[PDB]
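Order of appearance sets the numbers: ligands from 1, and atoms from 1 within every ligand. Below, chain A is the first sequence line, B the second, and so on; all start at residue 1.
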Amino acid sequence: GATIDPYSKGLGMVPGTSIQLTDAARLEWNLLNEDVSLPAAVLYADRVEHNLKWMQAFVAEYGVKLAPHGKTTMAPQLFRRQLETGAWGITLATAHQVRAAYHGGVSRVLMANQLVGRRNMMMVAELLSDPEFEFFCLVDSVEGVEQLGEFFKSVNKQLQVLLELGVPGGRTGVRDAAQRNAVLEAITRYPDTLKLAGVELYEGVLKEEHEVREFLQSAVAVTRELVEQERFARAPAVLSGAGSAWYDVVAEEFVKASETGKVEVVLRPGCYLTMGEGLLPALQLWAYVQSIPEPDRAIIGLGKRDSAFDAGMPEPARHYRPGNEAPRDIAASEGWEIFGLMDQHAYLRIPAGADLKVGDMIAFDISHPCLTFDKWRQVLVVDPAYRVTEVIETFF
Amino acid sequence: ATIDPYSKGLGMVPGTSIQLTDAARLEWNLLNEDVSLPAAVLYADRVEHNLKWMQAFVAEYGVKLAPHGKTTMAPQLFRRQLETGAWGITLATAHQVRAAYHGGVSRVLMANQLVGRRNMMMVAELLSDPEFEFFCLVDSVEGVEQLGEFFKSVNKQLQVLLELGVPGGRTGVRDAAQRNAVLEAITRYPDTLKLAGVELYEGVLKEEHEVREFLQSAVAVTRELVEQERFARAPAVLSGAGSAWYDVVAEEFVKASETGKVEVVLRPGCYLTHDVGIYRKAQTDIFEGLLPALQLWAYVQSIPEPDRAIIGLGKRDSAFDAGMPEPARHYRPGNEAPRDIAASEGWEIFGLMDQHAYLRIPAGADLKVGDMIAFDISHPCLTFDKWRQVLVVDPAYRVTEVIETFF
Ligand code: NA
């Protein structure tokens, strides 16, 4: 129960099976003392807290609240920090994810996805006898609504749904007004079970601004009509877009729905580990130099098992020789560059005669940090002296 | 070893101490929608068919195999491999060795350099088990000295294999100077490091005359060390991959395989498909074989346009290196059984996002929200690190066991 996994990678010696993650400090792991198996995933406590407090300081120019997507870390320890620093809820994608977040103390989850399949539905139904828990999922088809309605009725629960709008050539969401009206009608056939709680879209399938505005404006018109018809079962109704790349455009268009006093706008941002200019990169992967077979080629103990290829090639940022007081920063001018990532190894180009030895450590930055998280069941949190203060568990 | 109550791809797990091997008692049936989709599904009868085939193959040709476990990291599967004749399991990292040890593997060839005090300590802890045999690779004086000093300081002994490499390659000594420097360094730790043999990965090379030359060098270095009596293990181990280049390796290692001073150990990959080198290359010699044993099951979530269905399967569930998922079976809840999907149905996955996939279908397809599709993937072993728990089913789609992974 929120205990360190003694068989995971990227850890030091774990002398019991019930050592609380938050008690990791008593194990006295220090990264520089080689207490920890490399490769390891390392969050800097000072930077994580910086990024949290930075986001907390953010005063929006518009009436909008944030439900950051949790799928990139799947770490309820981080979700709780996000919620205590002002997030409205967590956006998740699967029933499995929702259960994980719920048992990690998240009390509001926007499942930005269709809920389908008997076990996925039951996994959500299991959380719905908690009167303090708030849940939403998306609907975009009559069949999907009927499946939800029949199931949740059969287990005597209520389920909040958001009508999802979509676009031609897009992903999910109703494509036109006739579909929209059929989906809305289907919901009224389960009056004691399904509860229309708002409207949702993902505007980022579109590329041009005029298309985005026109899509946002159709969502506003549908929302205002449902307000006027008193067809929402939640007060306020929720209107949600991604609002990342299109943050400004989404806010401008969605204000028109808010002006009813009956709708709250909820946006669904991504990674906090890099609203955004002052965020600091909080995660590095640390690996050993295992072999330097040629004067310009080093082999590193880091592979695709440790670092998502969709995160981008790892970039050497720090160098540390065991026995030294501290690491040193690697300057771009040194030309240390990963030119190959295999399963468990990386190829590092170095200038001939570089001061690098087998057994040295390198800390790597990665461009899209959160995408790497799913390669790590345990992520370390370190203080500025590289002492591990906490272990973060993930639920992938 | 118990079922993780918080994992994906499972049914209702009603306790925290349900043994993985007692999964059948939970009575999960895939077609009854007892299990959360997406799920990774191994077919028991196919896994067993593949193991039995490799067992029969090893008896025909006398080959010693240490199959790669790095791609599945599933000691339940490792144990079956060893029970049906594997010589040991080949692994990549100290963490993996420890997991395999914990899962009852009694011989590991770590086909990698062992570097770093915690990594070394993790291996040292296991060496207190006198029934466990371990090997790792050395390719540098610095690496040999770091191992020697560490294992001497914990009063243990370590078997190492000299790794031969090639210019522009991966690891391994490049030339005779480098080779002799590594061997000499080994001899500086006479009661700690035990030279147990010679290893290479020949498929860094692409042309055949190069591979043969490299293999020939391996045989020559081994023979030389046999004559000088530099090995501290009888027999000494000579190990090549012998998968993608199985037929060439088999020929070149002829004389080492024939002697009793040396045992040849090959390192095949995936036993969950016909697409493994040792099997593809054995066909000439052989003239029902290896079958694909894994499929990923997912729901249809939305059919928003007549030619486009959205599937609850993403890059979180299906590794890019495994290949694009291909629809293979279709099941509508309430029905007796799935149906086979042929290419002529016109279903094809055209996009895989984080948690969703795009399925092209012909307008008017026999498909509905809430149906399940089973997908084939080209390299099934390579998708295991997306799953902490993998289901095993019997022919009636009843879950008979859950397989845990150590990634
Ligand atoms: Na635990």
Peer 1: Do the side chains of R118(A) and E33(B) get close enough for a salt bridge, i.e. N-O under 4.0 angstrom?
Peer 2: no
Peer 1: In Å and rounded to the nearest 0.5 Å, what is the CD to CG distance from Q284(A) to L31(A)?
Peer 2: 10.0 Å
Peer 1: Looking at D317(B) and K8(B), does any basic side-chain N land under 4.0 Å from a carboxylate oxygen?
Peer 2: yes
Peer 1: Around the Na ion (ligand 1), what protein N, O or S atoms are found below 3.0 Å?
Peer 2: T3(A) O, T3(A) OG1
Peer 1: If you draw the axis of the six-membered ring of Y288(A), does the NZ or CZ of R118(B) fall within 45° of it and under 6.0 Å from the ring centre?
Peer 2: no
Peer 1: Is the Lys NZ or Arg CZ of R398(B) less than 6.0 Å from the centre of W28(B)'s six-membered ring, within 45° of the axis?
Peer 2: no
Peer 1: Would you mind reporting whether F407(B) and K386(B) have side-chain heavy atoms less than 4.5 Å apart?
Peer 2: no
